[PDB]
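Peer 1: Below is input.csv; it holds CSV, C-alpha atoms and all ligand atoms.
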```csv
chain,number,residue,atom,x,y,z
L,1,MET,CA,10.1,6.0,-10.5
L,2,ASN,CA,7.4,7.4,-8.2
L,3,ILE,CA,4.7,6.2,-5.8
L,4,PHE,CA,2.3,5.3,-8.6
L,5,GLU,CA,4.8,3.3,-10.6
L,6,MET,CA,5.9,1.6,-7.4
L,7,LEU,CA,2.4,0.6,-6.3
L,8,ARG,CA,1.6,-0.5,-9.9
L,9,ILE,CA,4.4,-3.0,-9.6
L,10,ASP,CA,3.5,-4.3,-6.2
L,11,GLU,CA,-0.2,-4.6,-6.8
L,12,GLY,CA,-0.4,-5.3,-10.5
L,13,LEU,CA,-3.5,-4.5,-12.5
L,14,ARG,CA,-6.7,-6.7,-12.9
L,15,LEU,CA,-9.8,-5.7,-14.5
L,16,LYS,CA,-12.1,-8.4,-13.1
L,17,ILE,CA,-12.9,-9.0,-9.4
L,18,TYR,CA,-10.2,-11.1,-7.9
L,19,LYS,CA,-9.1,-12.3,-4.4
L,20,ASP,CA,-6.1,-10.6,-2.9
L,21,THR,CA,-3.3,-12.3,-0.9
L,22,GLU,CA,-5.6,-12.4,2.2
L,23,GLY,CA,-8.4,-13.9,0.1
L,24,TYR,CA,-10.4,-10.6,-0.1
L,25,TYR,CA,-12.4,-9.4,-3.0
L,26,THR,CA,-10.4,-6.7,-4.9
L,27,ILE,CA,-10.2,-5.1,-8.3
L,28,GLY,CA,-8.0,-2.9,-10.4
L,29,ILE,CA,-4.7,-1.9,-8.8
L,30,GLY,CA,-5.1,-3.2,-5.3
L,31,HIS,CA,-8.5,-1.6,-4.7
L,32,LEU,CA,-10.1,-3.7,-1.8
L,33,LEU,CA,-13.8,-4.0,-2.2
L,34,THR,CA,-14.8,-5.8,0.9
L,35,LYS,CA,-13.6,-8.2,3.5
L,36,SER,CA,-17.0,-10.0,3.2
L,37,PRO,CA,-17.0,-13.5,1.8
L,38,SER,CA,-19.9,-12.6,-0.5
L,39,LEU,CA,-19.2,-12.0,-4.2
L,40,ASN,CA,-22.5,-10.3,-4.4
L,41,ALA,CA,-21.5,-8.0,-1.7
L,42,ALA,CA,-18.3,-7.3,-3.7
L,43,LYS,CA,-20.2,-6.6,-6.8
L,44,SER,CA,-22.4,-4.2,-5.0
L,45,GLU,CA,-19.5,-2.3,-3.5
L,46,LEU,CA,-17.9,-2.2,-7.0
L,47,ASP,CA,-20.9,-0.7,-8.6
L,48,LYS,CA,-21.3,1.9,-5.9
L,49,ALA,CA,-17.5,2.8,-6.3
L,50,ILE,CA,-17.8,3.1,-10.1
L,51,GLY,CA,-21.2,4.6,-10.4
L,52,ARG,CA,-22.6,2.1,-12.8
L,53,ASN,CA,-23.7,-1.5,-13.2
L,54,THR,CA,-20.4,-3.2,-13.8
L,55,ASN,CA,-21.2,-6.8,-13.5
L,56,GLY,CA,-17.7,-7.2,-11.9
L,57,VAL,CA,-15.6,-5.8,-14.8
L,58,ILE,CA,-14.2,-2.3,-15.2
L,59,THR,CA,-12.1,-0.6,-17.8
L,60,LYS,CA,-8.5,0.5,-17.5
L,61,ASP,CA,-9.4,4.1,-17.1
L,62,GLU,CA,-11.8,3.2,-14.2
L,63,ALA,CA,-9.1,1.2,-12.5
L,64,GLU,CA,-6.7,4.2,-12.8
L,65,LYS,CA,-9.3,6.5,-11.4
L,66,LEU,CA,-9.8,4.3,-8.3
L,67,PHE,CA,-6.1,4.1,-8.0
L,68,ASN,CA,-5.6,7.9,-8.0
L,69,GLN,CA,-8.3,8.2,-5.4
L,70,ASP,CA,-6.6,5.5,-3.2
L,71,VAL,CA,-3.2,7.0,-3.3
L,72,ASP,CA,-4.6,10.4,-2.5
L,73,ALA,CA,-6.5,8.9,0.4
L,74,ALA,CA,-3.4,7.2,1.8
L,75,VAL,CA,-1.4,10.3,1.8
L,76,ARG,CA,-4.2,12.3,3.4
L,77,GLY,CA,-4.6,9.6,6.0
L,78,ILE,CA,-0.9,9.7,6.8
L,79,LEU,CA,-1.1,13.5,7.2
L,80,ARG,CA,-4.0,13.3,9.6
L,81,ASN,CA,-2.5,10.6,11.7
L,82,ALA,CA,-0.8,11.8,14.8
L,83,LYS,CA,1.6,8.9,14.8
L,84,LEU,CA,2.3,8.9,11.2
L,85,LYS,CA,2.7,12.4,10.3
L,86,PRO,CA,5.8,13.2,12.2
L,87,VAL,CA,7.5,10.2,10.7
L,88,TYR,CA,6.5,11.1,7.2
L,89,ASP,CA,7.7,14.7,7.7
L,90,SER,CA,11.0,13.5,8.8
L,91,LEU,CA,11.8,11.3,5.8
L,92,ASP,CA,13.4,11.9,2.4
L,93,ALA,CA,11.2,11.7,-0.7
L,94,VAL,CA,12.0,8.0,-1.5
L,95,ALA,CA,11.5,6.8,2.0
L,96,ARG,CA,8.2,8.7,2.0
L,97,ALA,CA,7.0,6.6,-0.9
L,98,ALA,CA,7.8,3.5,1.1
L,99,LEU,CA,5.6,4.7,3.9
L,100,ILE,CA,2.8,5.4,1.6
L,101,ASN,CA,3.1,1.9,0.1
L,102,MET,CA,2.8,0.3,3.5
L,103,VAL,CA,-0.2,2.4,4.3
L,104,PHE,CA,-1.9,1.6,1.0
L,105,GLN,CA,-1.4,-2.1,1.7
L,106,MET,CA,-2.3,-2.4,5.4
L,107,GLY,CA,-4.1,0.8,6.3
L,108,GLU,CA,-3.3,3.6,8.5
L,109,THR,CA,-4.1,1.6,11.6
L,110,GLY,CA,-2.0,-1.4,10.6
L,111,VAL,CA,1.0,0.9,10.1
L,112,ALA,CA,0.6,3.1,13.1
L,113,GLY,CA,1.1,0.0,15.2
L,114,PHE,CA,4.7,-0.6,14.1
L,115,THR,CA,5.6,1.7,16.8
L,116,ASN,CA,9.2,0.6,17.3
L,117,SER,CA,10.0,0.6,13.6
L,118,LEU,CA,8.5,4.1,13.2
L,119,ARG,CA,10.7,5.5,15.9
L,120,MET,CA,13.8,4.0,14.3
L,121,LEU,CA,12.8,5.4,11.0
L,122,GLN,CA,12.3,8.8,12.5
L,123,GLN,CA,15.7,8.6,14.1
L,124,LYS,CA,17.3,7.6,10.7
L,125,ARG,CA,18.6,4.3,12.2
L,126,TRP,CA,18.2,2.6,8.7
L,127,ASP,CA,19.7,-0.8,9.3
L,128,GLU,CA,18.0,-1.2,12.6
L,129,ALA,CA,14.7,-0.3,11.3
L,130,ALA,CA,15.1,-2.7,8.5
L,131,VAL,CA,15.7,-5.5,10.9
L,132,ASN,CA,12.8,-4.6,13.1
L,133,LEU,CA,10.4,-4.2,10.1
L,134,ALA,CA,11.1,-7.7,9.1
L,135,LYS,CA,9.9,-9.2,12.4
L,136,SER,CA,6.3,-9.0,11.4
L,137,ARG,CA,3.4,-10.9,10.0
L,138,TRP,CA,3.6,-8.5,7.1
L,139,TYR,CA,7.1,-9.7,6.1
L,140,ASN,CA,6.3,-13.3,6.7
L,141,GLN,CA,3.1,-13.3,4.6
L,142,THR,CA,4.4,-11.1,1.7
L,143,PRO,CA,8.1,-11.4,1.9
L,144,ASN,CA,9.1,-10.3,-1.6
L,145,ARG,CA,7.0,-7.1,-1.4
L,146,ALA,CA,8.1,-6.4,2.1
L,147,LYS,CA,11.8,-6.8,1.1
L,148,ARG,CA,11.3,-4.3,-1.7
L,149,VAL,CA,9.7,-1.7,0.7
L,150,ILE,CA,12.3,-2.4,3.4
L,151,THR,CA,15.1,-1.8,0.9
L,152,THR,CA,13.6,1.3,-0.1
L,153,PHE,CA,13.6,2.8,3.4
L,154,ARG,CA,17.1,1.4,4.1
L,155,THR,CA,18.8,2.8,1.1
L,156,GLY,CA,16.7,5.8,0.1
L,157,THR,CA,16.9,4.7,-3.6
L,158,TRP,CA,14.6,2.8,-6.0
L,159,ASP,CA,17.0,0.1,-6.6
L,160,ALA,CA,14.6,-2.8,-5.4
L,161,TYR,CA,12.3,-1.7,-8.1
L,162,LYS,CA,14.6,-1.6,-11.0
L,201,CL,CL,-14.4,4.0,-3.4
L,202,CL,CL,5.3,-11.0,-1.7
```
Is it possible to express this structure as structure tokens?
Ligand SMILES: [Cl-]
Ligand SMILES: [Cl-]
Peer 2:
Amino acid sequence: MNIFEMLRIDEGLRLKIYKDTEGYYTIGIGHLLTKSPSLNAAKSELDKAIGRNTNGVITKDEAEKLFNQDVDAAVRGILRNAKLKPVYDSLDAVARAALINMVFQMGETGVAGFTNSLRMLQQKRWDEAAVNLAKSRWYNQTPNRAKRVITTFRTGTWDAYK
């Protein structure tokens, strides 16, 4: 298991524009197109992202390309974030994948605000961090996914994904 397989499980794969859990226009493997309520706006962002007139449909290879770009972006964002980097550097490889997953879902900003959980993770207070991570809108809105990520940090294994 690795970050790609992990995210593929959590986000799924869709080849036509769809609305995410928050009601936003998305495509592929969790690639957010826009928060705008306009489908035309979404179609426009899609074409600009792909480099062609898609008409709201993309191929599997195109989806995977956006996916690679998005994972790369997430890691790079973590590494440039003053609050995130030190946490990431302190973690084992499995737990690092859990941090990337949260950044991919909620953005660098979203994550950087879990101040208390981050400190606990950096201190390796696993169980406490798990409890603190759960007291969040994130966990209450997407509980199954949040439980998988939380378990990943807590145990340092991929068991929630097998
Ligand atoms: Cl893009
Ligand atoms: Cl969920």
Peer 1: Set out as a tab-separated table a contact list for chain L and ligand CL 201 (chain L) with a cut-off of 12 Å, giving each residue of chain L that qualifies its closest atom pair and distance in Å to one decimal, counting only C-alpha atoms and all ligand atoms, ordered by chain and rising residue number.
Peer 2:
```
residue	atom	partner	partner_atom	distance
L:26	CA	L:CL201	CL	11.5
L:27	CA	L:CL201	CL	11.2
L:28	CA	L:CL201	CL	11.7
L:30	CA	L:CL201	CL	11.9
L:31	CA	L:CL201	CL	8.2
L:32	CA	L:CL201	CL	9.0
L:33	CA	L:CL201	CL	8.1
L:34	CA	L:CL201	CL	10.7
L:42	CA	L:CL201	CL	12.0
L:44	CA	L:CL201	CL	11.6
L:45	CA	L:CL201	CL	8.1
L:46	CA	L:CL201	CL	8.0
L:47	CA	L:CL201	CL	9.6
L:48	CA	L:CL201	CL	7.6
L:49	CA	L:CL201	CL	4.4
L:50	CA	L:CL201	CL	7.6
L:51	CA	L:CL201	CL	9.8
L:62	CA	L:CL201	CL	11.1
L:63	CA	L:CL201	CL	10.9
L:65	CA	L:CL201	CL	9.8
L:66	CA	L:CL201	CL	6.7
L:67	CA	L:CL201	CL	9.5
L:68	CA	L:CL201	CL	10.7
L:69	CA	L:CL201	CL	7.7
L:70	CA	L:CL201	CL	7.9
L:71	CA	L:CL201	CL	11.6
L:72	CA	L:CL201	CL	11.7
L:73	CA	L:CL201	CL	10.0
```
Peer 1: Report as JSON lines: every residue of segment 48-125 of chain L with an atom at most 10 Å from segment 4-25 of chain L, its closest pair of atoms, and their distance in Å to one decimal, counting only C-alpha atoms, with rows sorted by chain and ascending residue number.
Peer 2:
```
{"residue": "L:54", "atom": "CA", "partner": "L:16", "partner_atom": "CA", "distance": 9.8}
{"residue": "L:55", "atom": "CA", "partner": "L:16", "partner_atom": "CA", "distance": 9.2}
{"residue": "L:56", "atom": "CA", "partner": "L:17", "partner_atom": "CA", "distance": 5.7}
{"residue": "L:57", "atom": "CA", "partner": "L:16", "partner_atom": "CA", "distance": 4.7}
{"residue": "L:58", "atom": "CA", "partner": "L:15", "partner_atom": "CA", "distance": 5.6}
{"residue": "L:59", "atom": "CA", "partner": "L:15", "partner_atom": "CA", "distance": 6.5}
{"residue": "L:60", "atom": "CA", "partner": "L:15", "partner_atom": "CA", "distance": 7.0}
{"residue": "L:62", "atom": "CA", "partner": "L:15", "partner_atom": "CA", "distance": 9.1}
{"residue": "L:63", "atom": "CA", "partner": "L:15", "partner_atom": "CA", "distance": 7.2}
{"residue": "L:64", "atom": "CA", "partner": "L:13", "partner_atom": "CA", "distance": 9.3}
{"residue": "L:67", "atom": "CA", "partner": "L:4", "partner_atom": "CA", "distance": 8.5}
{"residue": "L:68", "atom": "CA", "partner": "L:4", "partner_atom": "CA", "distance": 8.3}
{"residue": "L:71", "atom": "CA", "partner": "L:4", "partner_atom": "CA", "distance": 7.8}
{"residue": "L:97", "atom": "CA", "partner": "L:6", "partner_atom": "CA", "distance": 8.3}
{"residue": "L:98", "atom": "CA", "partner": "L:6", "partner_atom": "CA", "distance": 8.9}
{"residue": "L:100", "atom": "CA", "partner": "L:7", "partner_atom": "CA", "distance": 9.3}
{"residue": "L:101", "atom": "CA", "partner": "L:7", "partner_atom": "CA", "distance": 6.6}
{"residue": "L:102", "atom": "CA", "partner": "L:7", "partner_atom": "CA", "distance": 9.8}
{"residue": "L:104", "atom": "CA", "partner": "L:7", "partner_atom": "CA", "distance": 8.5}
{"residue": "L:105", "atom": "CA", "partner": "L:11", "partner_atom": "CA", "distance": 8.9}
```
Peer 1: Nearest residue to ligand CL 202 (chain L) out of L:87, L:157, L:141, L:150, using only C-alpha atoms and all ligand atoms?
Peer 2: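 Once distances to ligand CL 202 (chain L) are computed over only C-alpha atoms and all ligand atoms, the minimum belongs to L:141.
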Peer 1: Could you please extract the residues within 8 Å of ligand CL 202 (chain L), counting only C-alpha atoms and all ligand atoms, and hand them back as a PyMOL selection string?
Peer 2: chain L and resi 141-146
Peer 1: Would you save the residues from that selection as a compact mmCIF listing (two decimals), keeping the file's coordinate frame, using C-alpha atoms?
Peer 2:
```
# COMPACT_ATOMS: atom_id res chain seq x y z
CA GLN L 141 3.10 -13.30 4.60
CA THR L 142 4.40 -11.10 1.70
CA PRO L 143 8.10 -11.40 1.90
CA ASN L 144 9.10 -10.30 -1.60
CA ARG L 145 7.00 -7.10 -1.40
CA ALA L 146 8.10 -6.40 2.10
```
Peer 1: Go ahead and compute the interatomic distance for atom CA of residue 118 of chain L and atom CA of residue 88 of chain L, in Å to one decimal.
Peer 2: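 That distance, rounded to one decimal, is 9.4 Å.
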